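Undergrad: Handing you a structure now.
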Amino acid sequence: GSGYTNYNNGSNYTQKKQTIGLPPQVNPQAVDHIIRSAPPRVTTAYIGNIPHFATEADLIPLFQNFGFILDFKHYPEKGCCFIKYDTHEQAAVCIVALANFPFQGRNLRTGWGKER
Numbered sequence: 299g300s301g302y303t304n305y306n307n308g309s310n311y312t313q314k315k316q317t318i319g320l321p322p323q324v325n326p327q328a329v330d331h332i333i334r335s336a337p338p339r340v341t342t343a344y345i346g347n348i349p350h351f352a353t354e355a356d357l358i359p360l361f362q363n364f365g366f367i368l369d370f371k372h373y374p375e376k377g378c379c380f381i382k383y384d385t386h387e388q389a390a391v392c393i394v395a396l397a398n399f400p401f402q403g404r405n406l407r408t409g410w411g412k413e414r
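If you want the authors' numbering, it's the 1-based position in the sequence shown plus 298.
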């Protein structure tokens, strides 16, 4: 009875942090520097350099791993992944978690959101 748990969003089911945590994927020290970029508000992530053949389905098993996906939105007609995580640092982790990661023979990209 799994149905649809991940890739969701709510109110009484957020903030799942904890002490002692420094995995190989992403680290804290390599995140605080990113958070400084944008203000403590913008959550929309950014992962440019995406191949036209980039199915969101294959993107789930990558972003959701970093933090929590509320309403991830793919942009095939542009070239960039927009993830409005629940927390600021959350999405920011995706910028220091991949940054030119091996997807399918192409060096992806990273960045922040909020155009205005």
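Backbone N, C-alpha and C define an ideal beta-carbon position, used for all residues, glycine too.
Where does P359 fall in DSSP's three states?
TA: helix
Undergrad: In terms of residues, what are the limits of the alpha helix (DSSP H) holding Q388?
TA: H386 to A395
Undergrad: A343 and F380: beta carbons closer than 8 Å?
TA: yes
Undergrad: Does the stretch 325-333 come close enough to the stretch 360-369 to have 3 or more Cβ pairs within less than 8 Å?
TA: No: fewer than three Cβ pairs fall under 8 Å.
Undergrad: Within 10 Å of its beta-carbon, does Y383 have 16 or more other beta-carbons around it, so buried, or fewer, so exposed?
TA: buried
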